[PDB]
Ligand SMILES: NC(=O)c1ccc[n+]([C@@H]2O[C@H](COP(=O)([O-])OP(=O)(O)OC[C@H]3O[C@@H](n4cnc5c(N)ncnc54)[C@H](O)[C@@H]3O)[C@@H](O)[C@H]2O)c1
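Heads up, the chain below is alone and in the form deposited without nicotinamide-adenine-dinucleotide (NAD); it's given as structure tokens.
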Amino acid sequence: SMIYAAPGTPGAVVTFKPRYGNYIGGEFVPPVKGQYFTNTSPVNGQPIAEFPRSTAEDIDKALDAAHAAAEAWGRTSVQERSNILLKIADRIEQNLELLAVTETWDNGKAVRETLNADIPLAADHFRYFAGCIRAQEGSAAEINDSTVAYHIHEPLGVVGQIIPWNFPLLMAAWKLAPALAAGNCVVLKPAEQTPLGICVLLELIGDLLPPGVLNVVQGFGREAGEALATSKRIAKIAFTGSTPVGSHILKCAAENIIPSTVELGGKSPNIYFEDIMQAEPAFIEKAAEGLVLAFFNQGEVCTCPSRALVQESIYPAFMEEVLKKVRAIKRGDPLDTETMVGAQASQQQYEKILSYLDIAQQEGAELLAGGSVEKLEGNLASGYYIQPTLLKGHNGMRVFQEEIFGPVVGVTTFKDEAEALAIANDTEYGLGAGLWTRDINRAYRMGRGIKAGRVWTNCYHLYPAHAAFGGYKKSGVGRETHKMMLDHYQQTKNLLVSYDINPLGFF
């Protein structure tokens, strides 16, 4: 351990400003209408700072800033843009404790996740895409002796990006790094629940970017987010969040015939076949861990393994390993590295999950662990903490069908491979899934039989760069965290060149 002092107290690593503006054209400026909202820490509900309640007039200032710099930025050489993303990565590493403490206070999640996952993965994402842009190549092929097709990657120009609250800085990196590597200017709209981290990041890296290349407008999704999603001045929209707003985003994109990438929600089935109980005892632990991992980021993960599928024959013996670890979760101060499960992100998310616990009970869901509030002492009492919940039921329940987006896992049993496949795909989502078995053939079949974008095999919650992350079905369109991302933030210009100086006989 290490127990970081609360921000702005003696020994604190960071003290936040009382008021933050938007970042437009290389500067922090007030909103046009001078309107502000108050943000609060979910760790304890105490005030943090105010941030602009920006209106459509602020989007257009950033769009003016982005467009002015678009021509020069898209022209900056591959080497130079890459080096800039390398400089951003270093800046992220150098301030690991400051960034993680800011994220944890803003988001509420345990600090040990921000130190070991969010911030290091964020730095690497800039490292990864700076690297991939040096290797990217267009194509040149001979159609014949006198006809050559050339394909040249070109940036789209100005792109709108809206990121959610459950990984504010890491979701920013998921989108800023490839779009910037591709030579685009960005208008970025952070979640009104978690605006603080991006501001602190911009204070650290702003000088590394040309003016107007990265503009960040704070505000609300139905104000700033709406003005951004319908902007006729963006060449592409990108959105991560809840399915109803995504469906709308794709409609906003449809009206203007612009590319769109949307990553939405999921109901991830975590599948444990019977042979795992016959593996080494250490493997058994990793699998039981892989189920408790559903409480990672307090279950506020779009690929949260919120559906546990365990084969009947091993269910009695396996859950006994799972429950040993569920009871071992240390709760408490999120700035305490020992705390394994932090606060829910907001009061709205906290209340939404509590309504879902009650809904589980009316459908006969048997409570196996948790199921209510966790009343932590001290300043924590005003925070938003819920107990890790393990529920046993059947896939046809509402709690097995709808994304809760909290530390709640449904458990059910299955008989054979075919039914395991049937329960896994009997969802409208298809973002993630877990699969635990040692039969090489079973691992492959289920791996391809499941209709999910990612199948973690004998692990869970690994989000490395260089692995495509995206949804089937209603889970979304497009892939992230992989070099294929670059094709989403660029268009292919085909130069079809004839070197013959005579006509083709049509005249």
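Counting begins at 1, following the sequence as shown.
Participant: Report the stretch with the higher mean CA temperature factor, choosing between 111 to 119 and 391 to 399 on the basis of the entry.
Facilitator: Comparing averages over the C-alpha atoms only gives 391 to 399.
Participant: Averaging the C-alpha B factors as listed in the entry, name the stretch that ends up higher: 419 to 427 or 188 to 196.
Facilitator: Here the higher of the two C-alpha B-factor means belongs to 419 to 427.
Participant: Determine which member of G74, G212, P305, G265 has the highest CA B-factor, using the values in the deposited entry.
Facilitator: Going by the entry's C-alpha B-factors, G265 comes out highest.
Participant: For the listed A443, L462, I48, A452, which has the peak Cα B-factor recorded in the PDB entry?
Facilitator: Among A443, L462, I48, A452, the highest C-alpha B-factor in the entry belongs to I48.
Participant: Is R134 in the lowest, middle or highest third of its chain when residues are ranked by C-alpha B-factor?
Facilitator: Answer is lowest: the recorded C-alpha B-factor places it there.
Participant: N166: which third of its chain by C-alpha temperature factor?
Facilitator: As the PDB entry reports it, the C-alpha B-factor of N166 lands in the middle third of its chain.
Participant: Compare the C-alpha B factor of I84 with those of the other modelled residues in its chain, then answer lowest, middle or highest third.
Facilitator: Its C-alpha B-factor belongs to the lowest third of this chain's values.
Participant: Just say lowest, middle or highest third for the CA B-factor of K483 relative to the other modelled residues in its chain.
Facilitator: As the PDB entry reports it, the C-alpha B-factor of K483 lands in the lowest third of its chain.
Participant: Sort the modelled residues of this chain by their C-alpha B factor and say whether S260 lands in the lowest, middle or highest third.
Facilitator: Middle third, going by the recorded CA B-factors of the chain.
Form deposited with nicotinamide-adenine-dinucleotide (NAD) bound: not shown, discussed below.
Participant: Give me the residue from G225, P168, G410, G212 that has a heavy atom within 4.5 Å of nicotinamide-adenine-dinucleotide (NAD) in the entry with it bound.
Facilitator: Only one listed residue qualifies here, and that residue is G225.
Participant: May I ask you to choose, among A191, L196, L156, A308, the residue with a heavy atom within 4.5 Å of nicotinamide-adenine-dinucleotide (NAD) in the entry with it bound?
Facilitator: Flagged contact: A191.
Participant: Counting only heavy atoms and a 4.5 Å cutoff, which of 368 to 376, 94 to 102, 235 to 243, 312 to 320 contacts nicotinamide-adenine-dinucleotide (NAD) in the entry with it bound?
Facilitator: Going by heavy atoms within 4.5 Å, the stretch is 235 to 243.
Participant: With the partner left out of view, is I423 within 4.5 angstroms of nicotinamide-adenine-dinucleotide (NAD) in the entry with it bound by any non-hydrogen atom?
Facilitator: Flag for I423 set to no.
Participant: Consider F273 of the chain shown here, and say whether it contacts nicotinamide-adenine-dinucleotide (NAD) in the entry with it bound, taking contact as heavy atoms within 4.5 Å.
Facilitator: Outside the cut-off, so no.
Participant: Might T427 be said to contact nicotinamide-adenine-dinucleotide (NAD) in the entry with it bound, defining contact as any heavy atom within 4.5 Å?
Facilitator: It does not: once nicotinamide-adenine-dinucleotide (NAD) is placed as it appears in the entry with it bound, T427 has no heavy atom within 4.5 Å of it.
Participant: Against nicotinamide-adenine-dinucleotide (NAD) in the entry with it bound, would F405 count as a contact residue? Criterion: heavy atoms within 4.5 Å.
Facilitator: Taking the distances in the entry with it bound, the answer for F405 is yes, it comes within 4.5 Å of nicotinamide-adenine-dinucleotide (NAD).
Participant: For a quick check, can you give me the residues of 344 to 367 that have a heavy atom within 4.5 Å of nicotinamide-adenine-dinucleotide (NAD) in the entry with it bound?
Facilitator: Contacts from 344 to 367: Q349, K352.
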